[PDB]
Structure formats: structure tokens, C-alpha cells
Amino acid sequence: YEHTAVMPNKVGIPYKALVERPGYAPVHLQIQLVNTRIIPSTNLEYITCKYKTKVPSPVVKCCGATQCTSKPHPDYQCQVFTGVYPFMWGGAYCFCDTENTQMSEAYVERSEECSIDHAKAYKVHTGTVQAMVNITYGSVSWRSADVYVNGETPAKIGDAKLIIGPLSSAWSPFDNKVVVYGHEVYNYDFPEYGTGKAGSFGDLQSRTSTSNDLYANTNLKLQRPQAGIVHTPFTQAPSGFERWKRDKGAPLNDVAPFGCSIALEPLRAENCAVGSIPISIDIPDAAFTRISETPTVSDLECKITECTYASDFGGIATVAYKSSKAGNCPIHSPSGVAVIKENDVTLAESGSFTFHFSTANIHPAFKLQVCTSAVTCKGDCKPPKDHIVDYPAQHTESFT
Amino acid sequence: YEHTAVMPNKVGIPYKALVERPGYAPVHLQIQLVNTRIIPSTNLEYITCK
């Protein structure tokens with residue numbers, strides 16, 4: 001009843017296996033993986049965005065110098081100039097000709113746009129993956145269970161209880177350093193907090209949008225106003241966050257192999273088809289029925305009808321059933337050569353019922369198990385010319 | 001599927017060909033040539049009369 005089985009990690013591929021429960025009628029299983037969310041553990045480092053040089057009003061003493069003070073503003077650049085003669089609309093501003101001094105100061109403050117648009121640095125750990133599994137086994141034909149991958153957690157939705165994982169591959173598309181920009185994910189190597197070079201990425205680094213303190217290395221340097229005019233000419237490197245926005249690499253959600261996609265989320269990488277899962281499930285004995293009730297289908301034979309050497313269910317075959325009583329009968333092929341989309345067939349008195357399947361061998365010689373009745377369906381297949389189908393469901397490529 | 005086939009250039013004959021695309025039932029096709037006009041390119045030279 002406790003059917004342990006390793007399962008390939010695919011999303012849209014069934015796992016219709018058969019339970020070889022002694023003393024009772026065998027019961028088919030069926031497992032599907034809707035999602036394979038990874039959700040690695042993450043730790044935010046800092047957020048960067050365009051900055052705004054909030055330059056306050058200059059201090060202009062008409063006759064006399066004025067020493068500046070080292071204010072605690074981030075990247076607070078202050079410098080005093082000498083020998084200035086500012087004009088304004090109302091005429092010349094002072095009667096002195098050399099004692100005029102200007103005290104110009106400027107500091108970098110994060111732009112108002114940071115509230116909505118801002119990159120996010122992230123350092124990630126291994127984390128723990130989760131999956132949504134649908135199991136339509138036996139006669140219940142339904143399940144809607146969210147499960148983990150750790151090799152301890154039971155999942156007991158409906159009547160059956162089972163345990164999943166751990167994954168065979170520790171492959172994580174995320175790197176140790178991950179940069180998230182609004183909706184797309186880039187595995188860019190942000191240097192560290194409080195060390196960004198001016199002009200490059202992370203010129204302005206804030207711990208959090210709420211955090212008041214930040215790290216603004218913009219190489220801001222004021223210069224003398226020209227021709228006696230009241231303003232604050234400041235020379236600084238162009239916004240580093242503006243750069244790398246128009247020349248960033250391909251997002252990780254567009255270069256991650258194994259068909260894995262990401263989202264603005266706990267950063268799960270869903271549908272990351274890789275490795276296998278050691279699935280173990282405990283079927284309740286209630287679903288089991290006495291073996292003495294299943295009709296006998298011995299002395300039957302299998303005939304191939306038309307097999308296509310393709311990926312979709314192009315293979316069909318007719319089975320000449322030789323039964324005694326009437327009832328349901330699970331069908332399954334223990335061999336991985338062929339996969340049968342058909343799940344249950346009712347048996348009449350010496351009837352014949354076609355079924356569909358798919359295979360990957362030119363001359364498929366696969367065992368067919370029919371409610372405790374073995375038969376080999378040997379035949380021939382033909383490759384298709386119009387290779388236009390859904391994604392392959394045979395998942396059995398090997399030597400042919 | 002793309003049933004490529006050479007058939008004789010005749011008028012009164014069905015070209016009963018089967019389409020054996022795997023996965024589906026074969027279907028027959030009938031082809032007949034009612035007309036075989038050639039219509040070569042021409043260029044008027046001149047006109048003569050009594």
C-alpha cells in the first residue's frame with residue numbers, strides 16, 4: 001500500500017503507475033505536478049535609484065568671508081568662493097569689489113521617483129521548494145494539495161497521505177547575488193553596501209525606502225559661478241542608476257535554462273523541470289477491494305492498429321478481451337517504452353475496446369498489464385511528416 | 001499529407017489517390033482534367049487579304 005516511486009520532474013506529464021498490492025485488486029495511481037515553486041531564502045541588502053541634487057539657497061555675504069561647516073548631510077559638498085560680483089534684476093548686489101564671498105552647498109538626496117521605481121539587491125540562500133500536486137487515482141479522481149519537498153512533511157488532503165522529495169538536483173537558477181528591478185530579475189553582481197563607485201551601478205545606495213541614511217558617492221563638486229550671476233554650478237557624474245538601465249543584460253527570467261520562469265514574488269522559479277522526486281505515498285486500505293471480485297481476463301491477445309513514431313498519442317491498438325464478469329479494470333504498462341493515456345476500461349463478455357498511447361520506438365515491444373493479465377503488444381510505428389503537436393508526452397527517448 | 005504525385009496528362013480519367021497520414025483514417029482523392037488549354041504567347045505580324 002505504501003508505494004514508493006521515483007518520478008521525473010515535469011509539470012504537464014502524468015505518472016499513471018499501478019500499485020501491486022497483494023491480496024487485493026491492484027489500484028492505479030496518477031500524479032501530476034501543477035507547480036514546482038522553489039522560493040529560495042532571500043535577504044535584502046539595499047535599494048538604488050536615480051538621485052536628485054537638492055541644492056539649497058546660496059549664502060552671499062556682501063563684504064566679508066564666511067567659513068563653511070561640515071554638515072552631516074550625505075555627500076554634503078560645501079565650498080566658499082571669493083571675488084564675486086553678482087547682478088540681479090534690481091542691479092548689482094553689493095558695493096564691495098573683492099570682499100564679496102559666496103557660500104554654496106549641495107547634497108545628494110534620493111529622487112521622488114525612488115518610491116515607485118527602484119532596483120533591489122538580494123543575497124539568496126538555498127531555501128525550500130514547494131509544489132502543488134494533483135492526484136486523480138482510484139475512483140476519487142481528484143486532489144488539490146500544496147506540498148513541500150523536505151523528506152519529512154506528510155500531505156494528507158482528502159483520504160490519501162504522501163511525502164515528496166527531496167529533489168535530486170540542488171540546481172538553483174539564482175546566483176548568490178540577485179538584482180530585482182520592478183518586475184524582471186537580473187543576476188547582476190552588485191558590489192556591496194556603501195562601496196558603489198560613482199557613475200556605475202549603485203552610485204546611490206539606500207538601506208530601505210524608509211531608511212533616512214544612505215550612501216551617495218556621486219563625485220559631486222561645485223565650481224565658481226561665471227560672470228557674476230547668483231546660481232550654484234555643480235558638476236557631477238551622470239546618474240549611475242540611469243546607466244545600466246539602458247544597457248542591462250538579458251533578464252534571468254529570459255535566460256534561465258530548464259524552462260524556469262520567475263515573478264515579482266518570494267522569487268519562486270516555477271516549472272523548473274530538472275532532476276527527479278522520490279515520491280512515497282500511503283494509500284488507505286479502504287479503497288482496496290478483495291481480489292476475488294475482479295473478473296478474470298485470461299487468454300486474451302493484443303493487436304496493434306496504427307502507431308505513429310511521434311510525441312503525441314498517435315499509437316492505437318485493439319485488445320481482444322476474454323473476460324467472464326463485468327466491471328472496471330485499470331490499465332497500465334510497467335515498462336517505460338510506451339505511455340497509455342487511457343486509464344480505466346469497463347470489461348464486457350469477450351469484447352474488444354481500442355485505446356490510445358504514444359511511443360518512441362520504431363518497433364515497440366512493450367508489456368501491457370490489464371488488471372492482473374499480462375500481454376505484449378508488439379507492432380510497428382511510422383514517423384510523422386507534420387511535426388505539429390503539443391509538447392511531448394512520451395518522455396521516453398532512448399536507444400531505438 | 002502533402003500528397004505529391006505525378007499523373008498522366010489526360011482528360012477522362014479519375015486520379016484516385018489515397019492519403020495515408022498516420023494517426024487518422026486514409027482518405028481517397030479524385031482528380032480529373034476537364035480542360036488543358038495551352039495559350040502560347042503570340043505577337044501580331046501583319047494582315048493579308050485580297
# chains A, B, ... in the order shown; residues from 1 in each chain; ligands from 1
>>> interface_residues(of="chain B", to="chain A", cutoff="12 Å", atoms="only C-alpha atoms", output="compact mmCIF listing (two decimals) with C-alpha atoms, in the first residue's frame")
# COMPACT_ATOMS: atom_id res chain seq x y z
CA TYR B 1 -0.28 14.65 -46.04
CA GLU B 2 1.18 16.71 -48.91
CA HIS B 3 0.28 14.04 -51.44
CA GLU B 20 -2.25 7.66 -45.65
CA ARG B 21 -1.41 10.22 -42.94
CA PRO B 22 -0.60 8.20 -39.75
CA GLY B 23 -2.96 8.66 -36.80
CA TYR B 24 -6.08 9.16 -38.97
CA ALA B 25 -8.17 7.15 -41.43
CA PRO B 26 -6.84 7.18 -45.04
>>> residues_around(residues="residue 18 in chain B", least_positions_apart="4", cutoff="7 Å", atoms="only C-alpha atoms", output="ChimeraX atom specification")
/B:26-29
>>> residues_around(residues="residue 11 in chain B", least_positions_apart="2", cutoff="12 Å", atoms="only C-alpha atoms", output="PyMOL selection string")
chain B and resi 7-9+13-15+31-37
>>> residues_around(residues="residue 261 in chain A", least_positions_apart="6", cutoff="8 Å", atoms="only C-alpha atoms", output="ChimeraX atom specification")
/A:253-254,269-272
>>> write_last_selection(atoms="N, CA, C and O atoms", output="CSV table (one decimal), in the first residue's frame")
chain,number,residue,atom,x,y,z
A,253,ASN,N,14.8,35.8,-16.1
A,253,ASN,CA,13.6,35.1,-16.5
A,253,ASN,C,13.6,34.9,-18.0
A,253,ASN,O,12.6,34.2,-18.5
A,254,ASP,N,14.6,35.3,-18.7
A,254,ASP,CA,14.7,35.0,-20.1
A,254,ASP,C,16.0,34.2,-20.5
A,254,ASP,O,16.2,33.9,-21.7
A,269,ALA,N,10.9,30.0,-8.7
A,269,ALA,CA,11.2,29.7,-10.1
A,269,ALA,C,10.4,28.5,-10.5
A,269,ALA,O,10.8,27.3,-10.4
A,270,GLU,N,9.2,28.8,-10.9
A,270,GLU,CA,8.2,27.7,-11.2
A,270,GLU,C,8.6,27.0,-12.5
A,270,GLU,O,9.3,27.5,-13.4
A,271,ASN,N,8.1,25.7,-12.6
A,271,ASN,CA,8.3,24.9,-13.8
A,271,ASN,C,9.7,24.6,-14.1
A,271,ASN,O,10.1,24.4,-15.2
A,272,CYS,N,10.6,24.6,-13.0
A,272,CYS,CA,12.0,24.3,-13.2
A,272,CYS,C,12.2,22.8,-13.3
A,272,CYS,O,12.6,22.1,-12.4
>>> closest_residue(among="A:153, A:42, A:104, A:70", to="residue 126 in chain A", atoms="only C-alpha atoms")
A:42
>>> residues_around(residues="range 7-20 of chain A", least_positions_apart="4", cutoff="7 Å", atoms="only C-alpha atoms", output="compact mmCIF listing (two decimals) with C-alpha atoms, in the first residue's frame")
# COMPACT_ATOMS: atom_id res chain seq x y z
CA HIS A 3 4.10 2.70 -2.96
CA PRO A 26 -4.42 -3.62 -7.94
CA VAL A 27 -5.19 0.11 -7.98
CA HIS A 28 -3.73 2.54 -10.49
CA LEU A 29 -2.17 5.81 -9.38
CA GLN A 30 -1.91 9.15 -11.17
CA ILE A 31 0.25 12.09 -10.08
CA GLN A 32 0.63 15.48 -11.77
CA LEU A 33 2.80 18.46 -10.79
CA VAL A 34 0.95 21.74 -11.35
CA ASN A 35 3.74 23.93 -9.92
CA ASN A 271 8.26 24.88 -13.78
CA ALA A 273 11.98 20.90 -14.81
CA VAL A 274 15.16 19.21 -13.56
CA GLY A 275 16.03 16.09 -11.58
CA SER A 276 13.59 13.62 -10.06
CA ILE A 277 11.46 13.31 -6.92
CA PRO A 278 11.48 10.19 -4.69
CA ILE A 279 7.71 10.04 -4.21
CA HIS A 332 -1.02 0.34 -17.17
CA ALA A 393 4.16 13.32 -23.51
